[PDB]
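Some notes on the structure that comes next.
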Amino acid sequence: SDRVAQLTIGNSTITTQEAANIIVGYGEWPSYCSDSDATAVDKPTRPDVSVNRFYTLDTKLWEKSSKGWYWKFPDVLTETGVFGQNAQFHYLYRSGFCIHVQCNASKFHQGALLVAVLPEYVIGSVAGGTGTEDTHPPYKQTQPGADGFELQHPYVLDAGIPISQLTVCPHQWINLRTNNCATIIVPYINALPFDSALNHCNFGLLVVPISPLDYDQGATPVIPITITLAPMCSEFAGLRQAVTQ
Amino acid sequence: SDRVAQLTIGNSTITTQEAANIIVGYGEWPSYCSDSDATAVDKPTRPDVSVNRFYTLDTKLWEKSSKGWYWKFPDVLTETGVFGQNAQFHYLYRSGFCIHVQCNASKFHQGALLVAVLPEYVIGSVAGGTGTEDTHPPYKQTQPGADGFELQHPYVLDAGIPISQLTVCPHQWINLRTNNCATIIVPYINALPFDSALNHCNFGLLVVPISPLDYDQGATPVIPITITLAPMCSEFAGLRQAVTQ
Amino acid sequence: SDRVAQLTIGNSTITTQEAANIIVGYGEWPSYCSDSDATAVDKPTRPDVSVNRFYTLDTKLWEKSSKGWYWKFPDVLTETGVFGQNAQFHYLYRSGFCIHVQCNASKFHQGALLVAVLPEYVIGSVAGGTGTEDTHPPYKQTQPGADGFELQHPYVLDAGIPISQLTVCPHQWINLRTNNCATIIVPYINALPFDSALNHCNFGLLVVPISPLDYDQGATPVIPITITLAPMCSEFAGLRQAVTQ
Amino acid sequence: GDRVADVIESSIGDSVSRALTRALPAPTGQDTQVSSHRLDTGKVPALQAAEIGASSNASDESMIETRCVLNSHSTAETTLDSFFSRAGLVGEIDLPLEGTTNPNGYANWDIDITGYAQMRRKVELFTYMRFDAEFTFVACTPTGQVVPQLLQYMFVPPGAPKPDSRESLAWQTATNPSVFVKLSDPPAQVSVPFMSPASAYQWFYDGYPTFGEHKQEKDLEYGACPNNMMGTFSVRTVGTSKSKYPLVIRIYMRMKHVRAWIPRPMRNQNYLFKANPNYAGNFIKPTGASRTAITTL
Amino acid sequence: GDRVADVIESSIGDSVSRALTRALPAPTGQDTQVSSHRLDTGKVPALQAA
Ligand SMILES: CCCCCCCCCCCCC/C=C/[C@H](O)[C@H](N)CO
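This is the structure:
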């Protein structure tokens, strides 16, 4: 009654038979912007089912020596489908999200993934190691796209913040012994009712294996991690010609 | 609450801990012939517990290259116990059935059995391959007895009918990953209120493995399939001397 | 709802996820001595939480050739903690018990333990084999302490009583396929409202493997058996200087 | 007084014994009700779990198709008094003329019912037994002949002086109860109450009676229950001179008003000693008979 | 007559055919009702058992 679940939105349906309940980010469901909070005067467009659907963006292979990966939102969808088209044609952006991470193994595999959502996850550079060099992460690292990016130092999350305290953010654990999926529902987290879907990344999703994957030789060595996500209550405003980046 | 079941009838009890619900053939429980449907004037005999009991008739070994088997009803019981004695001594026959197929394996075995009940399952011959020869199946093939008979061409069920459409008949699936038993309750299916239990076979039970059995070397290679069945609401009429065939 | 359980008493908590219900010895919960049953005139001391707690006394290794072990009560706790101190300082004794035997294995291990509580379990000697020698068991065998004692002839329980009838006493089965713990709650069983906690052993706990442990080579060969127990409604009376034995 | 919550709400002192079961009358065996074929899923009376330690509660109706039988078979004869209130041999006293055992014309028999397996196996089925006793003394010569001899049976409670001779001063029986009968008379029969200091006799006492080191010399004290030492039985031939006839005296005990507690497995090995569960170590025999193969009768 | 319980309470002779289903009129194809996004756990219409 809590291990089996089915999430349907738009024209896509995601099922699961070994779920571990659903986390609502900060105990708040996604909702449309209230008229007392909106600041733009133009009437926003609400395409509804054409954008509020589960997008399966990429598949990452979990290995015994993996460090972890992170994705930026809504960067991952800035170039995907009708949602990406609307985000390119419209200046303003507002939506929630429903992130479903899939990672399935057998009863003889072991390992634990920490799936967390960190708002305004600003990536820092290693500052040339010693710290005397004022470097900045490249565009391909600050906005990795749909491929995500592999963490270099997951202990500090490449941002000087320990991962041991990452659980203060909305998070779920994919421990292969019990559950093979993590569901996090994240409302719009920003200091503004609307923001640019290209320049600003509202939050970053982190998938870091805390307990290394292990299995005896002979079992299936390819354990993929697949990210599936669906915007919720998406709004757009400030239409103009399309902008690619 | 649906995986564990116990069927008791007569003086026999069959239990199961990995059941997959019970199929009532055509949504109709076996019942005695109504006085507005009966045509014979003699009072039928209803031996009740002496014939309405679970008979375990034979055990077939499922192999990775098995084609499938079928049994004819009530041929399988024409020579078994008090039921067979009554069927031999009485001209007329009427009963339902409760067929319980047992096929148990481990969690590392795989395969799927299609257990279906096809009324008036007339077996045809291969017509000499080309089809220019007007052959008929032998007595040992049209009335195989308690040993059943192995299908030669399970794709056409040795009768020119595709097995892909066999599921339109009352059927259950024995998929070794979940369930190890199939229960089908079949009422009397005939155009007559009574019929001869020797000459006419009301229906045929088919057990055909659709997905071949597989397992790594080392596991138990003998996976038996056992048929257990119990007539329901059996009636008999037209008593005379016993007739063996 | 019956397989998961948690027993908390005093400042100790014991949990279990593969329990097999709880046996109350002779259908009677431990209770304090009634004023119509008490015979001593001094006011008994009831230390409560300082003695009514789960004591983990020793760990025995189950092997494929093990014969069985038994413990004597409250001998096992005569030298353990505040309970042992009170039992040494006080002449009289009265308490119930809650015995929790832990024996955990994997789904590929097999074996069955019979955990029973036999009141006034008097140990006899082999009488020199032939029976012409009037021997008595040594002190280390009649009062084994916290280490228990390994049975020499578990068939007769070293007392001339068949183990096949041992199930008439409060008992539970640790069959590794289903459950990994046995819980027995034993009230005070004696012909006296109070008795000496040093001289008299109210009951003996028997852990005898009826079906030998087995597993294929490669699995974990060390299968420990751990006894955890908690006195219930303990009373003490007749305080004097401490007595060690 | 009580002001702290952990004391006010404390369950300490609750002396009521919560009993999950209550005795119900059952004069006859349980009736069998009508049952029919039952074909349902989810609910299964046949599959049980002896793992729990409880006897399976599946009934006849829940397994096979049964008829309606009104069982009027009485359960009276299996009760404790019906099972135990039958006199059986518990002790034998020999009074020879010339011998080494009792050549003095008297014999002291320490009261214990563990000397004969017939009685011992029955009584040893339960750990604690509380009952009255009725003792009958059948005396006769070794040839089974009755002779005109007058005897005295004395009950000697623990602590009373044990007679040491046929003319000892203890035979004055000024306080001890004594029975004077002749062999020609019917066997003497008296009723003995429950005299144990404990609330019930205990046949097995897993402990020691006194503190201290239990060395080899102080090793026979294991298993001896002072609460079962009901005293000594003294018998003598009433006279100053030696009796003319040799006598053997058999004492039969019959319990009544029996109450029993804590059933235990019934003995399956030959008894060796009084008040001792010792068994022949090398001669351990199976409880039942054996057969050549398990697949054949 | 009938005096034994196994005969008095017997279901022998019950000629009514217990039908778990009953025919319902369906002149046209079934209508499609409005549905919205549904994100809940424990309850799952998609997963079935053939
Ligand atoms: C004429 C006077 C006869 C007095 C009869 C007194 C009999 C009292 C009945 C119980 C006697 C004790 C029976 C044996 C108990 C224990 O098994 C043994 N003491 C073991 O140590």
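Going down the list, the sequences are from chains B, B', B'', A and A'. A prime marks a further copy of an entry chain. So the mapping is simple: the authors' numbering equals the position in the first sequence, first residue as 1, plus 9. So the mapping is simple: the authors' numbering equals the position in the second sequence, first residue as 1, plus 9. So the mapping is simple: the authors' numbering equals the position in the third sequence, first residue as 1, plus 9. In terms of the authors' numbering, the fourth sequence has 160 at position 160, counting the first letter as 1, and numbering is strictly consecutive. In terms of the authors' numbering, the fifth sequence has 50 at position 50, counting the first letter as 1, and numbering is strictly consecutive. Even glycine gets a Cβ: it sits at the ideal position worked out from N, Cα and C.
> What are the start and end residues of each continuous beta strand (DSSP E) run of 3 or more residues lying completely inside the region 40-98 of chain B', in chain order?
Replying inline: 64-71 and 78-82
> Should A/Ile111 be listed as close to ligand 1, given that the test is whether its C-beta is under 7 angstroms from any heavy atom?
Replying inline: yes
> Considering only C-alpha positions, which residue in the set A/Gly281, A/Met230, A/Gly29 and A/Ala293 is nearest to B''/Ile170?
Replying inline: A/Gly281
>> Quick check: the Cα distance between B/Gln152 and B/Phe92, rounded to an integer number of angstroms?
In response: 17 angstroms
> Is the CB of A/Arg120 under 8 angstroms away from at least one CB in chain B''?
Replying inline: no
> Who pairs with A/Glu167 in a beta bridge, going by DSSP?
Replying inline: For A/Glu167, which the question treats as bridged, DSSP gives no partner whatsoever.
>> Between the region 126-145 of chain A and the region 174-192 of chain A, can you find at least three pairs of beta-carbon atoms closer than 8 angstroms?
In response: yes
>> By DSSP's criteria, B'/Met241 is part of a beta bridge. Which residues make up the other side?
In response: B'/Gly105
> Across which residues does DSSP place B''/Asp204 in a beta bridge pair?
Replying inline: B''/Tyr102
>> Residues of chain B' with CB closer than 9 angstroms to the CB of A/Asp40, please, in chain order.
In response: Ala14, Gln15, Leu16 and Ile31
>> In whole angstroms, give me the CA-to-CA distance for B/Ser134 and B/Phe158.
In response: 14 angstroms
> Cβ-heavy atom distance between A/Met119 and ligand 1 below 7 angstroms?
Replying inline: no
>> Suppose contacts are defined by Cβ-Cβ distances below 8 angstroms. Is B/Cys242 in contact with B/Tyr41 by that definition?
In response: yes
> Could one say the Cβ of A/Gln48 lies closer than 8 angstroms to chain B'''s Cβ atoms, at least one of them?
Replying inline: no
>> Helix, strand or coil, according to DSSP, for A/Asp14 in the structure here?
In response: coil
>> If the criterion is Cβ atoms closer than 8 angstroms, does the pair B/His209 and B/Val124 meet it?
In response: no
>> If you reduce the DSSP assignment to three classes, tell me which class A/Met129 lands in.
In response: strand
>> Using a Cβ-Cβ distance cut-off of 8 angstroms, determine whether A/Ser36 contacts chain A'.
In response: yes
> If you measure beta-carbon to beta-carbon, which residues of the region 81-97 of chain B'' are closer than 8 angstroms to chain A?
Replying inline: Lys81
> In terms of DSSP beta bridges, what is B''/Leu16 paired with?
Replying inline: B''/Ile23
> Between B'/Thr22 and chain A, is there a C-beta pair that is closer than 8 angstroms?
Replying inline: yes
> DSSP state of residue 298 of chain A, grouped into three classes?
Replying inline: The displayed coordinates of chain A run from 1 to 297. Any statement about residue 298 of chain A would go beyond what the structure contains.
>> Do A/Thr232 and A/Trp109 count as a contact pair if the criterion is CB distance below 8 angstroms?
In response: yes
> Per DSSP, what kind of secondary structure is A/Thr75 in: helix, strand or coil?
Replying inline: coil
>> Using only CA atoms, which one of B'/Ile31, B'/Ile32, B'/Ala28 and B'/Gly36 lies nearest to A'/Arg22?
In response: B'/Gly36
> Of all the CB atoms in chain B', is at least one closer than 8 angstroms to the CB of A/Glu51?
Replying inline: no
> Using a Cβ-Cβ cut-off of 7 angstroms (strictly less than) and excluding sequence neighbours within five positions of B''/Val110, which residues of its own chain qualify?
Replying inline: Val124, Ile183, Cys190, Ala191, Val216, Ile234 and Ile236
>> For the pair the region 222-234 of chain B'' and the region 82-96 of chain B'', tell me if three or more CB-CB distances fall below 8 angstroms.
In response: no
> In the structure shown, what three-state DSSP assignment does A'/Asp6 receive?
Replying inline: helix
>> Please state the DSSP three-state secondary structure of A/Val248.
In response: strand
> Can the beta-carbon of B/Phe117 be found closer than 8 angstroms to that of B/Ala228?
Replying inline: yes
> Which first and last residues belong to the beta strand (DSSP E) in which A/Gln189 is found?
Replying inline: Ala188 to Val192
> Buried or exposed: which applies to B''/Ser74, given that a residue is buried once 16 or more other Cβ atoms fall within 10 Å of its Cβ?
Replying inline: exposed
>> For A/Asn268 and A/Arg120, I'd like the C-alpha separation in whole angstroms.
In response: 12 angstroms
> Are the beta-carbon atoms belonging to B'/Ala246 and B'/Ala49 less than 8 angstroms from one another?
Replying inline: yes
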